[PDB]
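So the sequence lines, in the order shown, correspond to chains A and A'. A prime marks a further copy of an entry chain.
In the deposited numbering, each residue's number is its place in the first sequence (first place is 1) plus 2.
In the deposited numbering, each residue's number is its place in the second sequence (first place is 1) plus 2.
Yeah, the Cβ is synthetic: ideal placement off N, Cα and C, and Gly gets one too.
There are 2 protein chains.
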Amino acid sequence: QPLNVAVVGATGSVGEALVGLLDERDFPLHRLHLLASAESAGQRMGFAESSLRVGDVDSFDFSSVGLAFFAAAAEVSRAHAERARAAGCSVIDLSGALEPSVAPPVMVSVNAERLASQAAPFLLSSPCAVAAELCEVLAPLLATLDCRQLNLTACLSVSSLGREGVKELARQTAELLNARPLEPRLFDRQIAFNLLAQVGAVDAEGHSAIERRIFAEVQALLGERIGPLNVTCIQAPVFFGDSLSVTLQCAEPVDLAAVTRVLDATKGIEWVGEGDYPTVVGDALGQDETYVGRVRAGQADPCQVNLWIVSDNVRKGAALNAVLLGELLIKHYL
Amino acid sequence: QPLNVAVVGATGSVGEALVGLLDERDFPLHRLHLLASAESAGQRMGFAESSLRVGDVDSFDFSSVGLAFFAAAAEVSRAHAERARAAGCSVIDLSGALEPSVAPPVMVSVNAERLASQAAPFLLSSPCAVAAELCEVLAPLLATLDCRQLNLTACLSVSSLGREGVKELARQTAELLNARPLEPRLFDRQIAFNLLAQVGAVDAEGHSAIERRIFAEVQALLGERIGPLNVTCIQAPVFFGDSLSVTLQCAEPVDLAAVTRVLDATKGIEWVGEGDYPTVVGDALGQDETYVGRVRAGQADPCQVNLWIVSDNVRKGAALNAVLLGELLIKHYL
């Protein structure tokens, strides 16, 4: 009957956005429990004008809740998500720690019908921001387009590395601007005014962890309706938001008007045309729409279509998608 | 007998780098004439420890020189490059103003054999930095790889817009960092900590001028040895250097070792492996090598290979390529 919710990792940037969204969207919960690692435990957070104590995830009784959003480090998910589900609590894990089979990635806008096959209590993953934003835009297009090759170049902001990344960028930028010795802390090289070729270390085949994750999730979410995905994630000196440059190679010449029509008609997507474009700073930050522009064909190949996508990785790609999934689970998986 | 050289646009950032390279590389000139628009005329520049007056291009007698580097605005080239050639002066135009047929793009590392068919006085284009850096890396690979599709996402620094772009970025960044009202001048939106989807306005088919240029030059330079090119140029909040993310779709599974071997063996290219990568700030700025890293196959497709390329757009992509072409014209087109 009453729905009790836990938010694990509540003090992180994604956890915090998710709690604000529960309040904003009037999520129909009875009791809300905010949890973090013993580190962050004991501090207070605002919710619905009231003030809540963050508790230690290690001490928490998950039988007390009916739904849990895991927005903490992957190690927290590994340590607790399955145990939480055994306790009767449905889990939405944003860290992807238990992908691909124990906790399959699910998105309402993409593969919601994949819920119909699990039995409650659920244990699901909500995709990383980049994969969520790519798939949200591609899903409605794939009813019309036959995509044979998909190229993604993702330019990631430093918020992808959490609040310390935001701090590192601001600090490095300042040191340089008033001519002080640059001293990197989170990195071993300059990130200010620089583009890094990769995000984090690469494996023996040259792929980074985020690239692996995006790849695994896109193939779980979209499946067979696309051909080979090629993913590059670059680190940009920007604070917030994902900026994606996508090329689709299709089977047939692309009806560009139909593409922009579909994007324009889809809820949660804002189509930008007439030679203007969205940006993370100008458009994406702090709001729910994923913005899509620069829809055009190849200069040579009418069978190619490019898209430019910008979205708030914290609020939209991660948090709102997780909450929308929770809203779906409430709605008909009562 | 004696070789007299003019540098048109000598006070611009590319013109200045080119003059320094003439001195550094001991270009065998007799007299050097520095020229600019009446704007910049009258100011002095260093060359070989001596001090030279910049003259007005409008007043200049091109019969006095045997070779001219046009590193000025495209309008200066349109107004003077052909007239200069009629006067007996061979022209290397870096602005691309007279492409593709009047002044064909030529690169020593790529299509030098295209010189063998024009008669002196020459009138040639040296490619824009991005096209030069792409082609320099692809040319030696195409002897081994059969490239069926080429995807380029180019992340351009603000120096691509000249010195005013550098100034705009520094000023906007500073305004934000000490919490002052942001006021864009060169742009109508924020560039600081932002990624712009395009560089400049787009045409009716959605392509920007730089994208058109890169496309036309790559097809003139590489020709038939590659399939369709797809180009996106993004504006990054970085001061100097081009950062390129390239995907090649090949006919056969790519021998990655052979790729890195070729790149490692090619003069002017620095191959970076072992999971490290070059950046514009860390590696490219102020030097001659074009750095290439992140050589890997697709996660799904062994027929795909990715490359990451960084180069100094001013010194290397534009200026050094132009000078190398001039050195070739001296060497056996005496």
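Please list the partners that residue i has in chain A, where partner means a Cβ-to-Cβ separation under 7 Å.
i                  : result
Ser245 of chain A' : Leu197
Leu54 of chain A'  : The contacting residues do not exist; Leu54 of chain A' stays about 31 Å from chain A at best.
Let's test the definition: count the other Cβ atoms within 10 Å of the Cβ of residue i and tell me whether it reaches 16, buried, or not, exposed.
i                  : result
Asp63 of chain A'  : exposed
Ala86 of chain A   : buried
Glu26 of chain A'  : exposed
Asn232 of chain A' : buried
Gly243 of chain A' : buried
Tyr279 of chain A  : buried
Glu77 of chain A   : exposed
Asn180 of chain A' : exposed
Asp285 of chain A  : buried
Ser247 of chain A  : buried
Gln3 of chain A'   : exposed
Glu254 of chain A' : exposed
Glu101 of chain A' : buried
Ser127 of chain A  : buried
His334 of chain A' : exposed
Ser79 of chain A'  : buried
Below 8 Å on the Cβ atoms is my contact criterion, and I expect residue i with residue j to pass it. Report the Cβ-Cβ distance as a whole number of Å.
i                  : j                  : result
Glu135 of chain A' : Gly319 of chain A' : 5 Å
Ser97 of chain A   : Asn315 of chain A  : Contact flag wrong, Cβ pair sits at about 14 Å.
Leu309 of chain A  : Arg296 of chain A  : 7 Å
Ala238 of chain A  : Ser159 of chain A  : 6 Å
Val264 of chain A  : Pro142 of chain A  : 5 Å
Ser245 of chain A  : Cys157 of chain A  : 4 Å
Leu144 of chain A' : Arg33 of chain A'  : Rounded, the Cβ-Cβ distance is 40 Å, inconsistent with contact.
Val204 of chain A' : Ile212 of chain A' : 11 Å between Cβ atoms; not a contact.
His35 of chain A   : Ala8 of chain A    : 4 Å
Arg191 of chain A  : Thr155 of chain A' : Between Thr155 of chain A' and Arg191 of chain A the Cβ distance is about 22 Å, and since that is not below 8 Å, they are no contact.
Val93 of chain A'  : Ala81 of chain A'  : Wrong, their Cβ atoms sit about 13 Å apart, outside the cutoff.
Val108 of chain A' : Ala114 of chain A' : 7 Å
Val256 of chain A' : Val307 of chain A' : 4 Å
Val10 of chain A   : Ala70 of chain A   : 6 Å
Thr175 of chain A  : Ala260 of chain A  : No, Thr175 of chain A and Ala260 of chain A are not in contact; Cβ-Cβ is about 43 Å, not under 8 Å.
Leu197 of chain A' : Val240 of chain A  : 6 Å
What does residue i reach in chain A' if we use C-beta pairs closer than 7 Å?
i                 : result
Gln174 of chain A : Here the premise fails: no neighbours, minimum Cβ distance about 11 Å.
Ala238 of chain A : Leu197 and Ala238
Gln120 of chain A : Within 7 Å Cβ-Cβ: nothing; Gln120 of chain A doesn't reach chain A', min ~27 Å.
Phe217 of chain A : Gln301
Using only CA atoms, which one of the options lies nearest to residue i?
i                  : options                                       : result
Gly44 of chain A'  : A':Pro304, A':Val59, A':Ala172 and A':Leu231  : A':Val59
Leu327 of chain A' : A':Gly48, A':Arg80 and A':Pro106              : A':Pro106
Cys252 of chain A  : A:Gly17, A:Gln120 and A:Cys305                : A:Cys305
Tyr293 of chain A  : A:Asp28, A:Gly300 and A:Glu272                : A:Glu272
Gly14 of chain A   : A:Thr262, A:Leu37 and A:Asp303                : A:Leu37
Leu330 of chain A' : A':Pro102, A':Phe124, A':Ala133 and A':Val312 : A':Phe124
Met47 of chain A'  : A':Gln221, A':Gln151 and A':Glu18             : A':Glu18
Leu20 of chain A   : A:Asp95, A:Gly68 and A:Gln3                   : A:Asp95
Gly225 of chain A  : A:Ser39, A:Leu152, A:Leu336 and A:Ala321      : A:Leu152
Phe217 of chain A  : A':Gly229, A':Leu163 and A':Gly300            : A':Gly300
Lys269 of chain A' : A':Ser111, A':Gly68 and A':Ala83              : A':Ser111
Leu23 of chain A'  : A':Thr146, A':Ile332, A':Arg317 and A':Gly68  : A':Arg317
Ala50 of chain A   : A:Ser66, A:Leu184, A:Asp28 and A:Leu5         : A:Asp28
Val67 of chain A   : A:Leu5, A:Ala118, A:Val325 and A:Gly57        : A:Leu5
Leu171 of chain A  : A':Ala12, A':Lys169, A':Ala194 and A':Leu188  : A':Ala194
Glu138 of chain A' : A':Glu276, A':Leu223, A':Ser52 and A':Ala40   : A':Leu223
Please list the partners that residue i has in chain A, where partner means a Cβ-to-Cβ separation under 9 Å.
i                  : result
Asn232 of chain A' : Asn153, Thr249, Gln251, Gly300, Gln301, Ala302, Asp303, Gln306 and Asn308
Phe241 of chain A' : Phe195
Which residues in chain A' sit within 8 Å of residue i, going by Cβ to Cβ distance?
i                 : result
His35 of chain A  : Within 8 Å Cβ-Cβ: nothing; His35 of chain A doesn't reach chain A', min ~36 Å.
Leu179 of chain A : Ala172, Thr175, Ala176 and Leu179
At a cut-off of 6 Å, is residue i close to the ligand MG when judged by its beta-carbon and the heavy atoms of the ligand?
i                 : result
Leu336 of chain A : This structure does not include the ligand MG; it has no bound ligands of any sort.
Residues of chain A' with a CB under 9 Å from the CB of residue i: which are they?
i                 : result
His209 of chain A : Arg298 and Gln301
Exercise for review: Please name the residues in the region 276-310 of chain A whose beta-carbon is closer than 8 Å to at least one beta-carbon of chain A', in chain order.
Suggested key: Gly277, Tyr279, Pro280, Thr281, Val282, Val283, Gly284, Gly295, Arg296, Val297, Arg298, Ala299, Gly300, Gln301, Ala302, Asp303, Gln306, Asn308 and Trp310
Point to revise | Cβ-based contacts, 7 Å cut-off: residues of the region 183-207 of chain A' near chain A | key: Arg191, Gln192, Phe195, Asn196, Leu197, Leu198, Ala199, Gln200, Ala203, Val204 and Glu207
| query | Quick one, which residues of the region 137-161 of chain A are near chain A' if we go by CB-CB under 8 Å, in chain order? | reply | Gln151, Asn153, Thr155 and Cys157
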